[PDB]
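Working notes for the structure below.
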Amino acid sequence: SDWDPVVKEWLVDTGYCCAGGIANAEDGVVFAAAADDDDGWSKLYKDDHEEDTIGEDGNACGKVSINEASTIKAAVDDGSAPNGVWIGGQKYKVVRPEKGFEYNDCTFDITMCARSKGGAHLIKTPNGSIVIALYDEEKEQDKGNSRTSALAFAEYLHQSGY
């Protein structure tokens, strides 16, 4: 089960994502990671970290301990994260969930998350893997090509029984 090279060849080598990974849908915990600089784990995971909570006016109104896996599972399961989706220490917003999206004869729950000048696709397979695919608009990447890349990989995971 040496997953990191598989993530790399599917999501990073193809050039549409700057980093990627897979998490267990049961708990949101990333178990595989890869990146364009071979430090995928730093891009996909950070141990629980304190962050600002934000009021409706966008201002900081307190603090909260973030467990990244919890935020990933929330985004996927609920289409909602109370304090943002945090991946590798970076905050994203849930911008567009789609349940049961049809791709290549299979359905996937997808959640698009955005940050400034980049984003992340979270794609759940029938067997409870979550593909995580990150793109960086500063690296000439875009949400469309990265989504297709993420779907192709999710479907490979599906066809492989994950």
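How things are named: the first chain in the structure tokens is A, the next is B, and so on; residues count from 1 in each chain; ligands count from 1 in the order shown.
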Find the spatial neighbours of segment 29-39 of chain A, counting only C-alpha atoms, within a cut-off of 9 Å - ignore same-chain residues fewer than 2 positions away - and output them as JSON, numbers by chain.
{"A": [2, 3, 4, 5, 6, 7, 8, 9, 11, 12, 13, 15, 17, 18, 19, 20, 21, 22, 23, 24, 25, 26, 27, 41, 42, 43, 44, 45, 68, 69, 70, 72, 73, 130, 132]}
Need to verify the contact set: residue 147 of chain A, 12 Å, only C-alpha atoms, exclusion of same-chain residues closer than 5 positions in sequence. Can you return it as a ChimeraX atom specification?
/A:11,16-17,20,103,110-113,119-123,131-135,141-142,152-154
Atoms kept (N, CA, C and O atoms) for selection, written as a CSV table (one decimal), in the first residue's frame:
chain,number,residue,atom,x,y,z
A,11,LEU,N,-2.3,12.8,-10.3
A,11,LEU,CA,-2.8,14.2,-10.0
A,11,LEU,C,-1.7,15.3,-10.2
A,11,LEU,O,-2.0,16.4,-10.6
A,16,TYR,N,-2.2,19.1,-13.9
A,16,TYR,CA,-3.4,19.9,-13.7
A,16,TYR,C,-3.6,20.3,-12.3
A,16,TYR,O,-4.4,21.3,-12.0
A,17,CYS,N,-2.9,19.7,-11.3
A,17,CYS,CA,-3.0,20.0,-9.9
A,17,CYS,C,-1.6,20.2,-9.3
A,17,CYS,O,-0.6,19.5,-9.8
A,20,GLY,N,-2.0,16.8,-4.3
A,20,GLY,CA,-3.2,16.0,-4.1
A,20,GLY,C,-3.1,14.9,-3.1
A,20,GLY,O,-2.0,14.7,-2.6
A,103,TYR,N,-20.3,10.5,-13.6
A,103,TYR,CA,-19.1,10.5,-14.3
A,103,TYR,C,-18.7,9.1,-14.7
A,103,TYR,O,-18.5,8.2,-13.8
A,110,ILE,N,-19.2,15.4,-4.9
A,110,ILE,CA,-18.1,16.3,-5.1
A,110,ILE,C,-18.3,17.5,-4.3
A,110,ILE,O,-19.4,18.0,-4.2
A,111,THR,N,-17.2,18.1,-3.8
A,111,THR,CA,-17.3,19.4,-3.1
A,111,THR,C,-16.1,20.2,-3.6
A,111,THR,O,-15.0,19.8,-3.4
A,112,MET,N,-16.4,21.3,-4.3
A,112,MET,CA,-15.4,22.3,-4.7
A,112,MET,C,-15.2,23.2,-3.5
A,112,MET,O,-16.1,23.7,-2.9
A,113,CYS,N,-13.9,23.5,-3.2
A,113,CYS,CA,-13.5,24.5,-2.2
A,113,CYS,C,-12.6,25.5,-2.8
A,113,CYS,O,-11.8,25.2,-3.7
A,119,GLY,N,-7.8,26.5,-5.4
A,119,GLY,CA,-8.9,25.7,-4.9
A,119,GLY,C,-8.6,24.2,-4.7
A,119,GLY,O,-7.4,23.8,-4.8
A,120,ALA,N,-9.6,23.5,-4.3
A,120,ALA,CA,-9.5,22.1,-4.0
A,120,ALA,C,-10.7,21.4,-4.4
A,120,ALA,O,-11.8,21.9,-4.2
A,121,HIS,N,-10.6,20.2,-5.0
A,121,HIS,CA,-11.7,19.4,-5.3
A,121,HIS,C,-11.7,18.2,-4.3
A,121,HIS,O,-10.7,17.6,-4.1
A,122,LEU,N,-12.9,17.9,-3.7
A,122,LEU,CA,-13.0,16.8,-2.9
A,122,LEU,C,-14.0,15.8,-3.5
A,122,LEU,O,-15.1,16.2,-3.8
A,123,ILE,N,-13.6,14.6,-3.8
A,123,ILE,CA,-14.4,13.7,-4.6
A,123,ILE,C,-14.5,12.4,-3.8
A,123,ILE,O,-13.5,11.7,-3.7
A,131,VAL,N,-10.9,11.7,-2.8
A,131,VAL,CA,-9.8,12.3,-3.6
A,131,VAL,C,-9.7,13.8,-3.2
A,131,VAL,O,-10.7,14.5,-3.3
A,132,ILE,N,-8.5,14.2,-3.0
A,132,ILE,CA,-8.3,15.7,-2.7
A,132,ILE,C,-7.3,16.2,-3.8
A,132,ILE,O,-6.2,15.7,-3.9
A,133,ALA,N,-7.8,17.1,-4.6
A,133,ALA,CA,-6.9,17.6,-5.7
A,133,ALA,C,-6.8,19.2,-5.6
A,133,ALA,O,-7.9,19.8,-5.6
A,134,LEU,N,-5.6,19.7,-5.4
A,134,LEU,CA,-5.4,21.1,-5.2
A,134,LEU,C,-4.9,21.7,-6.5
A,134,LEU,O,-4.0,21.2,-7.2
A,135,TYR,N,-5.4,22.9,-6.8
A,135,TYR,CA,-4.9,23.6,-8.0
A,135,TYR,C,-4.5,25.1,-7.6
A,135,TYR,O,-5.0,25.6,-6.6
A,141,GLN,N,-2.8,26.8,-13.3
A,141,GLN,CA,-3.8,25.7,-13.2
A,141,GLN,C,-5.2,26.3,-13.1
A,141,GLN,O,-5.3,27.5,-12.8
A,142,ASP,N,-6.2,25.5,-13.3
A,142,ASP,CA,-7.6,26.1,-13.3
A,142,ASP,C,-8.6,25.1,-12.7
A,142,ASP,O,-8.3,23.9,-12.7
A,152,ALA,N,-11.1,11.7,-13.0
A,152,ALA,CA,-10.4,10.6,-13.6
A,152,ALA,C,-9.7,9.7,-12.5
A,152,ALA,O,-9.9,8.5,-12.5
A,153,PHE,N,-9.1,10.3,-11.6
A,153,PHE,CA,-8.4,9.6,-10.5
A,153,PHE,C,-9.5,8.9,-9.5
A,153,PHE,O,-9.3,7.7,-9.2
A,154,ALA,N,-10.5,9.6,-9.2
A,154,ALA,CA,-11.6,9.0,-8.4
A,154,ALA,C,-12.1,7.8,-9.1
A,154,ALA,O,-12.5,6.8,-8.4
List the neighbours of residue 81 of chain A out to 10 Å using only C-alpha atoms; skip same-chain residues closer than 2 positions along the sequence, and give me the result as an NGL selection string.
:A and (70-79 or 83-86 or 92-94)
Every residue of segment 34-144 of chain A that DSSP places in helix (DSSP H, G or I), as a CSV table (one decimal) with N, CA, C and O atoms, in the first residue's frame:
chain,number,residue,atom,x,y,z
A,40,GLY,N,4.4,16.5,-0.5
A,40,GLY,CA,2.9,16.5,-0.6
A,40,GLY,C,2.3,16.5,0.8
A,40,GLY,O,1.2,17.1,0.9
A,41,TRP,N,3.0,15.9,1.7
A,41,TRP,CA,2.3,15.8,3.0
A,41,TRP,C,2.1,17.1,3.7
A,41,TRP,O,1.1,17.4,4.3
A,42,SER,N,3.1,18.0,3.6
A,42,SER,CA,3.0,19.4,4.1
A,42,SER,C,1.9,20.2,3.4
A,42,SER,O,1.3,21.0,4.1
A,43,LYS,N,1.6,19.8,2.2
A,43,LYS,CA,0.5,20.5,1.5
A,43,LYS,C,-0.9,19.9,1.8
A,43,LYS,O,-1.9,20.6,1.6
A,44,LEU,N,-0.9,18.7,2.3
A,44,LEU,CA,-2.2,18.0,2.5
A,44,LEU,C,-2.6,17.8,4.0
A,44,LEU,O,-3.8,17.5,4.3
A,68,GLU,N,-8.1,19.1,10.9
A,68,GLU,CA,-8.3,19.2,9.4
A,68,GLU,C,-9.2,18.1,8.9
A,68,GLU,O,-10.1,18.4,8.0
A,69,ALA,N,-9.0,16.9,9.3
A,69,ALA,CA,-9.8,15.8,8.9
A,69,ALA,C,-11.3,16.0,9.2
A,69,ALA,O,-12.2,15.7,8.3
A,70,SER,N,-11.6,16.6,10.3
A,70,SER,CA,-13.0,16.9,10.7
A,70,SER,C,-13.6,17.9,9.6
A,70,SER,O,-14.7,17.7,9.2
A,71,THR,N,-12.8,18.9,9.2
A,71,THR,CA,-13.3,19.9,8.2
A,71,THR,C,-13.5,19.2,6.9
A,71,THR,O,-14.5,19.6,6.1
A,72,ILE,N,-12.6,18.3,6.5
A,72,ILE,CA,-12.7,17.6,5.2
A,72,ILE,C,-14.0,16.7,5.2
A,72,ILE,O,-14.8,16.8,4.2
A,73,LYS,N,-14.2,15.9,6.2
A,73,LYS,CA,-15.4,15.1,6.4
A,73,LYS,C,-16.6,16.0,6.4
A,73,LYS,O,-17.6,15.6,5.8
A,74,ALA,N,-16.6,17.1,7.1
A,74,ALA,CA,-17.8,18.0,7.1
A,74,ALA,C,-18.1,18.5,5.7
A,74,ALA,O,-19.3,18.5,5.4
A,75,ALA,N,-17.1,18.9,5.0
A,75,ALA,CA,-17.3,19.5,3.7
A,75,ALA,C,-17.9,18.4,2.8
A,75,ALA,O,-18.9,18.6,2.1
A,76,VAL,N,-17.4,17.2,2.9
A,76,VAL,CA,-17.9,16.1,2.0
A,76,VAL,C,-19.3,15.6,2.4
A,76,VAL,O,-20.2,15.5,1.6
A,77,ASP,N,-19.5,15.3,3.7
A,77,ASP,CA,-20.7,14.7,4.2
A,77,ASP,C,-21.9,15.7,4.3
A,77,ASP,O,-23.0,15.3,4.0
A,78,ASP,N,-21.6,17.0,4.5
A,78,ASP,CA,-22.6,18.0,4.9
A,78,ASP,C,-22.7,19.1,3.9
A,78,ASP,O,-23.7,19.8,3.9
A,137,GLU,N,-3.8,28.8,-9.3
A,137,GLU,CA,-4.0,29.6,-10.5
A,137,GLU,C,-2.7,30.4,-10.8
A,137,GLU,O,-2.5,30.9,-11.9
A,138,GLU,N,-1.8,30.5,-9.8
A,138,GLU,CA,-0.5,31.2,-10.0
A,138,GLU,C,0.4,30.2,-10.7
A,138,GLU,O,1.4,30.6,-11.2
A,139,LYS,N,0.0,28.9,-10.8
A,139,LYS,CA,0.8,28.0,-11.5
A,139,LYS,C,0.2,27.6,-12.8
A,139,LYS,O,0.5,26.6,-13.4
A,143,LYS,N,-9.7,25.5,-12.3
A,143,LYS,CA,-10.7,24.6,-11.6
A,143,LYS,C,-11.2,23.6,-12.5
A,143,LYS,O,-11.5,22.5,-12.1
A,144,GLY,N,-11.3,23.9,-13.8
A,144,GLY,CA,-11.9,23.0,-14.7
A,144,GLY,C,-11.1,21.7,-15.0
A,144,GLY,O,-11.5,20.6,-14.9
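Distances to residue 148 of chain A were evaluated for A:1, A:104, A:53, A:129 using only C-alpha atoms, and the minimum falls at A:104.
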Could you write out, as a PyMOL selection string, all the residues of chain A that DSSP marks as strand (DSSP E)?
chain A and resi 19-24+30-35+49-54+60-66+85-87+90-103+106-115+118-124+129-136
